[PDB]
Amino acid sequence: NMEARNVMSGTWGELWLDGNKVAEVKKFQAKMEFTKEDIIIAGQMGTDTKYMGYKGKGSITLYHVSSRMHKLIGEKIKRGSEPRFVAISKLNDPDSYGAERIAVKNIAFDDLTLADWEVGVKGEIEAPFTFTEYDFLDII
Amino acid sequence: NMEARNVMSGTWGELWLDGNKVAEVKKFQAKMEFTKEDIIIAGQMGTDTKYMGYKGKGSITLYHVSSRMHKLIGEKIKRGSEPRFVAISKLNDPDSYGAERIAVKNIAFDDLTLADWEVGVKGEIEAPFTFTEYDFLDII
Amino acid sequence: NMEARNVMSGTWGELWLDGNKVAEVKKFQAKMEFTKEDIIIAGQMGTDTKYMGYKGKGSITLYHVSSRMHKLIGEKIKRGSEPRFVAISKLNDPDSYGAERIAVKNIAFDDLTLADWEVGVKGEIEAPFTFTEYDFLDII
Amino acid sequence: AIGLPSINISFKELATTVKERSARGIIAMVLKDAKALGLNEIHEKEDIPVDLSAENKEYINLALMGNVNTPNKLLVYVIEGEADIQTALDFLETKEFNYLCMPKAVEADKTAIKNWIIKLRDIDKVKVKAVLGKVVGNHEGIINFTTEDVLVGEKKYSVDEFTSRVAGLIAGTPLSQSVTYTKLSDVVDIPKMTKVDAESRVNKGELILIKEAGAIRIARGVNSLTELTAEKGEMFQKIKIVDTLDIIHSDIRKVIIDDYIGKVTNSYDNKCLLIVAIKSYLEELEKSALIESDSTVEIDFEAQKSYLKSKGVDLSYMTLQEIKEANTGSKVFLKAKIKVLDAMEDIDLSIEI
Amino acid sequence: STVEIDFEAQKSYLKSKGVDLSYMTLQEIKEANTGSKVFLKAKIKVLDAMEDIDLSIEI
Amino acid sequence: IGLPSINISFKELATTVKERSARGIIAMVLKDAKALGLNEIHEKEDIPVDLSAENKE
Amino acid sequence: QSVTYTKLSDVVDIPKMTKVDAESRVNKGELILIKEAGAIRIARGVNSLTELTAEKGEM
Amino acid sequence: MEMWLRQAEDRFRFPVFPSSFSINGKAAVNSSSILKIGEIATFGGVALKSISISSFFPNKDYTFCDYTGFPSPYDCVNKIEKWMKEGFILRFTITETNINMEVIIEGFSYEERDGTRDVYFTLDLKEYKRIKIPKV
Amino acid sequence: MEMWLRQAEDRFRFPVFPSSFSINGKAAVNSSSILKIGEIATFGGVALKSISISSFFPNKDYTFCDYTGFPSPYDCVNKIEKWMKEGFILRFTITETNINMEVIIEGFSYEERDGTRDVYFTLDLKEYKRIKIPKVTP
């Protein structure tokens with residue numbers, strides 16, 4: 001059976017980035033994509049597939065209250081190292097069955113925003129990334 | 001002769017995925033697409049076609065109340081095996097002529113969503129797939 | 001802990017272009033984009049990335065009150081020289097923690113607008129650019 | 001105890017054939033000995049019990065040989081000479097197997113085995129078979145092997161002694177083939193018989209060895225059944241057809257018992273789930289050359305109508321959809337259509353000029 | 001499933017107590033005082049698991 | 001109520017009879033020594049065994 | 001679920017019984033052990049009630 | 001349709017049927033030029049057919065496989081490589097067509113290119129004709 | 001899997017496994033002809049295999065590296081260049097496959113093409129065979 005109260009509300013999400021709580025988070029995405037190859041056989045009308053590999057993609061959106069991302073990246077990209085990060089997301093709605101905690105590991109960001117403002121508009125930051133592996137801490 | 005009452009409402013649909021009832025389903029699609037080749041003959045103005053093959057496509061949409069897709073997939077993709085699934089969809093409107101029950105077989109999912117939440121928004125999951133064959137159990 | 005008052009409002013931004021204050025500024029953007037290369041290894045399912053380089057992009061928007069851009073560029077482009085510019089942006093919301101001041105250096109503009117008017121519409125100017133490096137003067 | 005590093009070498013025989021994985025290929029043999037006195041499961045040659053007579057060892061070795069695959073397993077029940085065959089039969093009723101053979105059997109023993117097979121197959125609905133020498137069984141469950149002398153190597157085997165080899169032969173061939181014209185490399189020569197003799201024996205429902213096309217092989221793969229009715233057509237005279245039917249029966253029974261009996265409530269949706277599972281198994285059989293390409297599984301409408309009428313429900317007021325989805329109380333009715341393939345055994349040539 | 005006041009039992013009890021049941025409306029009988037007794041009735045339905053299967057195959 | 005019954009039967013293919021109709025009732029008046037009075041015939045197989053062969057035809 | 005046809009892995013052997021005897025015992029209202037499908041399992045999940053009235057019923 | 005390569009009683013059946021197959025045939029034509037009339041030509045003989053196959057050997061039991069029970073990918077590779085090494089005369093047949101002839105292996109290339117451990121291959125075959133030496 | 005190039009006891013293991021690898025094999029078929037019959041063919045022996053490898057030598061420790069402790073890119077370049085120059089006989093192996101044979105290096109090219117100081121390379125190897133020497137009869 002399903003109750004309307006059991007649908008998870010996104011207001012009850014939390015995010016940890018590099019071990020520090022991010023109180024100004026707005027949304028969080030993380031998704032694994034699978035690569036397929038089409039199989040076609042002479043004399044058969046149907047078409048089938050086989051899995052080739054997988055890749056990870058996601059993004060983060062924050063309210064602009066401080067220079068968190070510049071401190072996080074700093075000069076690491078400029079100097080030529082390869083910074084990687086770990087993020088932890090939690091979704092714990094009191095009316096749902098339970099919690100859901102996932103660790104997203106080996107994160108590489110796509111860009112860095114220095115300034116983005118306009119008169120009469122409140123500021124926000126968007127930050128896409130890619131990753132390679134994940135772990136489930138709490139399941140529901 | 002047709003009546004307005006005979007149009008099937010989508011609120012009366014039901015879905016079974018790998019033998020388990022899914023009470024949080026939102027919509028279900030399944031379609032077969034045919035491939036054609038154009039035939040052109042010198043000296044004639046008209047253009048004709050012949051069939052070449054077919055392919056299956058579809059998708060599912062769910063309310064986010066639990067981690068059903070992760071438990072269904074598990075480590076099967078990561079470990080390199082090739083998992084396949086069976087889905088059964090039923091549409092039984094009391095005001096229609098009868099029921100319509102289809103079995104969709106050899107399903108391969110396209111991606112896996114780990115986290116997708118935003119403050120002030122209720123959660124949903126979307127899961128596209130491809131399949132190879134189908135059976136009809138009840139015809140209206 | 002986060003407060004609603006700590007979100008920076010864009011009405012409090014300021015811009016200096018080649019050492020002269022620009023009072024008619026409407027919005028300012030500046031972003032660094034990183035280039036990635038996919039790494040695929042035979043016998044492993046996962047796909048990884050490595051950084052290759054970076055590039056800078058941005059734009060400015062102004063109210064049309066004078067011919068600032070034409071005087072700034074002049075004949076430098078026509079005569080075949082390569083002009084470059086320095087821009088400094090400040091964001092200082094009284095309700096926030098502090099100020100954020102960035103210097104954007106080695107700016108090359110993308111185009112020049114000579115006339116763009118329409119009856120019953122107030123005029124605006126848009127100026128995209130690219131840059132190579134930046135410095136941080138005040139960190140919030 | 002931890003010792004010095006070493007190399008351990010063991011030697012084994014190279015067999016080209018590979019053991020068959022299916023539930024078929026399990027052969028049950030009954031041999032009377034005064035020493036072992038028990039049941040043993042023989043998976044290979046190295047685990048044959050010691051202190052068993054060399055004669056019974058030769059019978060076991062004959063059974064272990066297969067046609068294209070080796071037998072999956074062997075069940076040997078050792079019985080005292082004074083002990084009755086009925087005790088062995090009663091013990092064997094519980095176990096599962098494909099074929100039964102008894103290298104040493106008197107006419108009374110043969111008729112007891114025949115009656116047991118008939119009773120088990122027809123009354124108790126258990127699919128088992130036996131290979132016997134010079135027994136007129138007139139039943140699909142009895143294989144009648146009538147060849148008096150078989151000379152292999154340097155010794156002569158009687159009609160009853162070679163039934164172990166015959167049972168291994170039948171259990172070693174795949175179901176896509178048929179045992180007809182299978183040749184035995186071990187056999188050296190056999191008593192001479194004319195062509196009309198062999199034809200007359202085959203018409204009587206006997207499995208015989210013949211010399212044809214420069215080799216020694218079996219004539220045709222038929223069982224003991226000779227008289228045909230409307231219910232049992234000519235297709236029930238073939239070993240391959242009956243074997244395929246028994247495989248289908250056993251597999252569907254296994255699926256039903258494992259996944260549905262007593263674990264699932266009796267509603268229409270669960271009936272649909274069961275139908276899907278059975279159709280999946282039938283398609284698995286279709287991909288192999290065992291059955292034809294188009295098969296169907298459905299709800300049995302007439303049976304449900306009869307059950308509802310017997311219970312006393314008024315069927316006139318309800319509609320067909322309501323008849324289909326009515327509650328039946330722990331009972332399910334289904335129907336299916338299949339067509340079973342046969343191996344090619346004759347050629348008809350129409351030659352033009 | 002349904003749950004409902006048992007009208008027949010209450011009517012029989014009132015008759016047994018000797019009250020004059022004539023010239024009484026149905027609502028009057030339904031809401032009549034019945035001492036310390038309560039009469040109710042209900043209806044439910046329960047299912048059973050699969051235990052017998054018939055599969056007829058045509059060859 | 002006995003043991004759980006799981007029986008799988010094999011039989012030959014049977015002919016398909018023609019479909020029924022929701023309208024059309026026929027009344028026939030016959031003369032035979034036995035099987036008197038009204039009779040109801042829904043399916044072709046069900047004819048009284050007492051009747052003569054000509055009446056059955 | 002129901003306990004019909006649930007197999008006991010720990011049990012290794014039971015005394016011999018025929019199909020007719022087991023069927024008669026189940027008809028008399030007994031819960032027994034049986035050998036079936038290569039294991040030992042409960043034949044049926046019935047209790048000892050054998051006399052049925054108009055209101056009691058088979059359920 | 002099925003694809004077989006057989007050496008006497010030793011037979012091998014390909015587990016995944018390819019996406020396409022094509023047979024190539026040619027004939028030789030001899031040309032001469034004659035004064036004031038131009039070019040002329042005559043028949044000169046037919047050449048040997050050739051056929052190329054591309055597919056892969058699967059590392060697991062797929063749904064689209066032709067049958068079940070085939071060997072490991074490198075077992076197939078080793079068997080075909082031995083056949084090419086010794087120069088055996090083989091018989092190649094595609095069922096439901098007119099392709100049934102004796103051949104010899106000219107080339108064999110194999111590779112791995114993803115995370116599945118499947119082995120993709122390309123096989124080149126050439127028609128074989130024996131020469132008849134007359135006697136008296 | 002792993003990739004190794006070994007000269008006697010001097011072993012080298014590639015830090016980054018390539019994106020793909022392929023073995024090329026051929027057999028020599030002699031062509032002739034017969035009057036009024038057309039073309040005929042005969043078997044002329046097997047040829048030596050060949051393989052080509054493409055990857056890069058990392059200038060830093062990556063998450064996708066096979067192991068830690070490998071040398072600098074130009075040390076690897078110098079080693080392979082010396083082996084190619086002197087014409088050494090080497091053993092080439094890819095684990096979990098059937099590739100294990102003696103080779104000789106035919107070509108080696110390397111380049112730099114971005115800001116990471118990684119060195120991309122292409123290596124061409126050819127199989128090597130030995131002939132038995134005759135022995136005087138007793």
# chains A, B, ... in the order shown; residues from 1 in each chain; ligands from 1
$ select_by_dssp --residues "segment 67-215 of chain D" --states "strand (DSSP E)" --output "ChimeraX atom specification"
/D:73-79,99-101,129-133,142-145,150-152,155-157,187-189,209-211
$ write_last_selection --atoms "C-alpha atoms" --output "compact mmCIF listing (two decimals), in the first residue's frame"
# COMPACT_ATOMS: atom_id res chain seq x y z
CA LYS D 73 24.59 -40.65 -11.96
CA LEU D 74 24.09 -44.29 -11.03
CA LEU D 75 21.97 -45.78 -8.24
CA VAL D 76 22.96 -49.35 -7.35
CA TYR D 77 20.81 -51.22 -4.83
CA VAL D 78 22.56 -54.32 -3.51
CA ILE D 79 20.20 -57.11 -2.47
CA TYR D 99 15.56 -45.92 -16.32
CA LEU D 100 15.71 -49.17 -14.36
CA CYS D 101 17.63 -52.32 -15.29
CA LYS D 129 10.81 -46.62 -17.32
CA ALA D 130 12.55 -49.99 -17.39
CA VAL D 131 14.72 -51.88 -19.88
CA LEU D 132 14.11 -55.63 -19.81
CA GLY D 133 15.09 -58.65 -21.88
CA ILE D 142 8.79 -50.84 -21.00
CA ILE D 143 11.73 -51.20 -23.41
CA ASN D 144 12.04 -54.72 -24.81
CA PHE D 145 15.61 -55.65 -25.81
CA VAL D 150 26.65 -59.91 -27.78
CA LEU D 151 30.40 -60.52 -28.06
CA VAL D 152 32.57 -57.69 -26.76
CA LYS D 155 33.57 -62.63 -23.55
CA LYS D 156 29.91 -63.22 -24.40
CA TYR D 157 27.02 -61.38 -22.76
CA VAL D 187 30.61 -54.91 -30.05
CA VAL D 188 32.61 -57.22 -32.32
CA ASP D 189 29.97 -59.49 -33.86
CA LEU D 209 20.97 -54.79 -32.90
CA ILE D 210 21.58 -55.11 -36.65
CA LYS D 211 24.54 -55.02 -39.03
$ interface_residues --of "chain A" --to "chain H" --cutoff "12 Å" --atoms "only C-alpha atoms" --output "list in words"
residues 35, 36, 37, 38, 39, 40, 41, 42, 43, 44, 45, 46, 47, 48, 49, 50, 51, 52, 53 and 54 of chain A
$ residues_around --residues "residue 124 of chain I" --least-positions-apart "3" --cutoff "12 Å" --atoms "only C-alpha atoms" --output "mmCIF file with N, CA and C atoms, in the first residue's frame"
data_model
loop_
_atom_site.group_PDB
_atom_site.id
_atom_site.type_symbol
_atom_site.label_atom_id
_atom_site.label_comp_id
_atom_site.auth_asym_id
_atom_site.auth_seq_id
_atom_site.Cartn_x
_atom_site.Cartn_y
_atom_site.Cartn_z
ATOM 1 N N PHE I 21 43.694 -3.671 -27.393
ATOM 2 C CA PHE I 21 44.850 -4.350 -27.960
ATOM 3 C C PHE I 21 44.361 -5.374 -28.973
ATOM 4 N N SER I 22 45.178 -5.640 -29.993
ATOM 5 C CA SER I 22 44.769 -6.554 -31.052
ATOM 6 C C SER I 22 45.970 -7.277 -31.643
ATOM 7 N N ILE I 23 45.774 -8.555 -31.959
ATOM 8 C CA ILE I 23 46.793 -9.416 -32.553
ATOM 9 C C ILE I 23 46.442 -9.628 -34.019
ATOM 10 N N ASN I 24 47.432 -9.497 -34.901
ATOM 11 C CA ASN I 24 47.243 -9.687 -36.338
ATOM 12 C C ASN I 24 48.004 -10.920 -36.806
ATOM 13 N N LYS I 49 53.247 -12.999 -36.045
ATOM 14 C CA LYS I 49 52.209 -12.114 -35.544
ATOM 15 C C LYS I 49 52.769 -10.716 -35.303
ATOM 16 N N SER I 50 51.866 -9.767 -35.074
ATOM 17 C CA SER I 50 52.262 -8.409 -34.743
ATOM 18 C C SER I 50 51.203 -7.780 -33.851
ATOM 19 N N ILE I 51 51.627 -6.817 -33.033
ATOM 20 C CA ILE I 51 50.715 -6.093 -32.158
ATOM 21 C C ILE I 51 51.214 -4.662 -32.004
ATOM 22 N N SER I 52 50.273 -3.736 -31.833
ATOM 23 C CA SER I 52 50.557 -2.323 -31.638
ATOM 24 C C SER I 52 49.854 -1.843 -30.377
ATOM 25 N N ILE I 53 50.547 -1.030 -29.583
ATOM 26 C CA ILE I 53 50.073 -0.594 -28.275
ATOM 27 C C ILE I 53 50.091 0.927 -28.220
ATOM 28 N N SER I 54 49.042 1.516 -27.643
ATOM 29 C CA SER I 54 48.922 2.965 -27.504
ATOM 30 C C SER I 54 48.455 3.312 -26.099
ATOM 31 N N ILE I 80 62.981 1.974 -23.080
ATOM 32 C CA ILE I 80 62.461 1.321 -24.276
ATOM 33 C C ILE I 80 63.284 1.699 -25.504
ATOM 34 N N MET I 84 65.164 -0.910 -28.052
ATOM 35 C CA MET I 84 64.944 -0.901 -29.495
ATOM 36 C C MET I 84 66.247 -0.701 -30.254
ATOM 37 N N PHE I 92 57.013 -10.615 -24.099
ATOM 38 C CA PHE I 92 55.838 -9.769 -23.950
ATOM 39 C C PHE I 92 54.666 -10.624 -23.501
ATOM 40 N N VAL I 103 59.441 -11.236 -28.603
ATOM 41 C CA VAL I 103 59.195 -10.179 -29.571
ATOM 42 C C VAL I 103 60.484 -9.423 -29.847
ATOM 43 N N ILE I 104 60.420 -8.561 -30.857
ATOM 44 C CA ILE I 104 61.470 -7.599 -31.166
ATOM 45 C C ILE I 104 60.793 -6.289 -31.555
ATOM 46 N N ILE I 105 61.365 -5.170 -31.123
ATOM 47 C CA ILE I 105 60.714 -3.873 -31.291
ATOM 48 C C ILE I 105 60.961 -3.347 -32.700
ATOM 49 N N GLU I 106 59.890 -2.908 -33.358
ATOM 50 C CA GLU I 106 59.948 -2.386 -34.715
ATOM 51 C C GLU I 106 59.816 -0.875 -34.805
ATOM 52 N N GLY I 107 59.095 -0.243 -33.887
ATOM 53 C CA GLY I 107 58.927 1.196 -33.927
ATOM 54 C C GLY I 107 58.536 1.732 -32.573
ATOM 55 N N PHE I 108 58.920 2.980 -32.312
ATOM 56 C CA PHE I 108 58.608 3.633 -31.047
ATOM 57 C C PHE I 108 58.518 5.131 -31.284
ATOM 58 N N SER I 109 57.356 5.707 -31.003
ATOM 59 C CA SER I 109 57.109 7.130 -31.171
ATOM 60 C C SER I 109 56.452 7.666 -29.911
ATOM 61 N N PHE I 121 52.536 7.507 -26.237
ATOM 62 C CA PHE I 121 53.448 6.684 -27.020
ATOM 63 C C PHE I 121 52.679 5.694 -27.887
ATOM 64 N N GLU I 127 56.777 -10.675 -33.576
ATOM 65 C CA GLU I 127 57.108 -11.957 -32.975
ATOM 66 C C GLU I 127 58.448 -12.475 -33.490
#
$ interface_residues --of "chain D" --to "chain E" --cutoff "6 Å" --atoms "only C-alpha atoms" --output "MDAnalysis selection string"
chainID D and resid 261:262 264:266 330:339
$ residues_around --residues "residue 63 of chain A" --least-positions-apart "2" --cutoff "8 Å" --atoms "only C-alpha atoms" --output "number ranges by chain"
A: 24-26, 61, 65, 123-125; C: 7
$ residues_around --residues "residue 84 of chain A" --least-positions-apart "5" --cutoff "9 Å" --atoms "only C-alpha atoms" --output "ChimeraX atom specification"
/A:105-109
$ write_last_selection --atoms "C-alpha atoms" --output "PDB file, in the first residue's frame"
ATOM      1  CA  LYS A 105      33.260   9.376  -4.077  1.00  0.00           C
ATOM      2  CA  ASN A 106      36.026  10.510  -6.436  1.00  0.00           C
ATOM      3  CA  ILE A 107      34.325  13.723  -7.556  1.00  0.00           C
ATOM      4  CA  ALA A 108      35.818  16.049 -10.188  1.00  0.00           C
ATOM      5  CA  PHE A 109      34.147  19.411 -10.799  1.00  0.00           C
TER       6      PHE A 109
END
$ closest_atom_pairs --of "chain C" --to "chain A" --cutoff "7 Å" --atoms "only C-alpha atoms" --output "JSON lines"
{"residue": "C:1", "atom": "CA", "partner": "A:23", "partner_atom": "CA", "distance": 6.2}
{"residue": "C:2", "atom": "CA", "partner": "A:23", "partner_atom": "CA", "distance": 6.0}
{"residue": "C:6", "atom": "CA", "partner": "A:65", "partner_atom": "CA", "distance": 5.7}
{"residue": "C:7", "atom": "CA", "partner": "A:65", "partner_atom": "CA", "distance": 5.0}
{"residue": "C:8", "atom": "CA", "partner": "A:123", "partner_atom": "CA", "distance": 6.0}
{"residue": "C:9", "atom": "CA", "partner": "A:122", "partner_atom": "CA", "distance": 4.9}
{"residue": "C:10", "atom": "CA", "partner": "A:119", "partner_atom": "CA", "distance": 4.6}
{"residue": "C:11", "atom": "CA", "partner": "A:119", "partner_atom": "CA", "distance": 4.1}
{"residue": "C:26", "atom": "CA", "partner": "A:118", "partner_atom": "CA", "distance": 5.9}
{"residue": "C:27", "atom": "CA", "partner": "A:118", "partner_atom": "CA", "distance": 4.2}
{"residue": "C:28", "atom": "CA", "partner": "A:117", "partner_atom": "CA", "distance": 5.8}
{"residue": "C:29", "atom": "CA", "partner": "A:116", "partner_atom": "CA", "distance": 4.5}
{"residue": "C:30", "atom": "CA", "partner": "A:115", "partner_atom": "CA", "distance": 5.1}
{"residue": "C:31", "atom": "CA", "partner": "A:113", "partner_atom": "CA", "distance": 4.5}
{"residue": "C:32", "atom": "CA", "partner": "A:112", "partner_atom": "CA", "distance": 5.3}
{"residue": "C:33", "atom": "CA", "partner": "A:111", "partner_atom": "CA", "distance": 4.5}
{"residue": "C:34", "atom": "CA", "partner": "A:111", "partner_atom": "CA", "distance": 5.5}
{"residue": "C:45", "atom": "CA", "partner": "A:53", "partner_atom": "CA", "distance": 4.6}
{"residue": "C:46", "atom": "CA", "partner": "A:54", "partner_atom": "CA", "distance": 5.5}
{"residue": "C:47", "atom": "CA", "partner": "A:55", "partner_atom": "CA", "distance": 5.7}
{"residue": "C:48", "atom": "CA", "partner": "A:132", "partner_atom": "CA", "distance": 6.7}
{"residue": "C:139", "atom": "CA", "partner": "A:67", "partner_atom": "CA", "distance": 6.6}
{"residue": "C:140", "atom": "CA", "partner": "A:66", "partner_atom": "CA", "distance": 5.3}
$ residues_around --residues "residue 6 of chain I" --least-positions-apart "4" --cutoff "9 Å" --atoms "only C-alpha atoms" --output "PyMOL selection string"
chain I and resi 10-13+90-93
$ write_last_selection --atoms "N, CA and C atoms" --output "PDB file, in the first residue's frame"
ATOM      1  N   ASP I  10      65.363  -8.132 -16.137  1.00  0.00           N
ATOM      2  CA  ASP I  10      65.010  -6.714 -16.120  1.00  0.00           C
ATOM      3  C   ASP I  10      63.563  -6.577 -16.575  1.00  0.00           C
ATOM      4  N   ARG I  11      62.653  -6.375 -15.627  1.00  0.00           N
ATOM      5  CA  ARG I  11      61.225  -6.380 -15.907  1.00  0.00           C
ATOM      6  C   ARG I  11      60.648  -4.974 -15.829  1.00  0.00           C
ATOM      7  N   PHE I  12      59.718  -4.682 -16.733  1.00  0.00           N
ATOM      8  CA  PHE I  12      59.025  -3.404 -16.777  1.00  0.00           C
ATOM      9  C   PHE I  12      57.533  -3.674 -16.892  1.00  0.00           C
ATOM     10  N   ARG I  13      56.736  -2.977 -16.090  1.00  0.00           N
ATOM     11  CA  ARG I  13      55.286  -3.110 -16.095  1.00  0.00           C
ATOM     12  C   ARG I  13      54.666  -1.764 -16.432  1.00  0.00           C
ATOM     13  N   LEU I  90      62.997  -9.801 -26.359  1.00  0.00           N
ATOM     14  CA  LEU I  90      62.218  -9.561 -25.157  1.00  0.00           C
ATOM     15  C   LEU I  90      61.072 -10.558 -25.072  1.00  0.00           C
ATOM     16  N   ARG I  91      60.462 -10.645 -23.896  1.00  0.00           N
ATOM     17  CA  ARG I  91      59.256 -11.434 -23.692  1.00  0.00           C
ATOM     18  C   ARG I  91      58.100 -10.509 -23.341  1.00  0.00           C
ATOM     19  N   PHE I  92      57.013 -10.615 -24.099  1.00  0.00           N
ATOM     20  CA  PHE I  92      55.838  -9.769 -23.950  1.00  0.00           C
ATOM     21  C   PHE I  92      54.666 -10.624 -23.501  1.00  0.00           C
ATOM     22  N   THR I  93      53.953 -10.168 -22.480  1.00  0.00           N
ATOM     23  CA  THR I  93      52.858 -10.944 -21.922  1.00  0.00           C
ATOM     24  C   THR I  93      51.723 -10.028 -21.492  1.00  0.00           C
TER      25      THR I  93
END
$ closest_atom_pairs --of "chain G" --to "chain D" --cutoff "9 Å" --atoms "only C-alpha atoms" --output "CSV"
residue,atom,partner,partner_atom,distance
G:1,CA,D:263,CA,4.9
G:2,CA,D:262,CA,5.2
G:3,CA,D:262,CA,6.7
G:4,CA,D:262,CA,5.4
G:5,CA,D:262,CA,6.8
G:6,CA,D:262,CA,8.1
G:16,CA,D:90,CA,8.7
G:19,CA,D:124,CA,8.1
G:35,CA,D:94,CA,7.0
G:36,CA,D:94,CA,7.6
G:37,CA,D:254,CA,7.9
G:38,CA,D:95,CA,6.6
G:39,CA,D:94,CA,9.0
$ atom_distance --atom1 "atom CA of residue 30 of chain E" --atom2 "atom CA of residue 3 of chain E"
15.0 Å
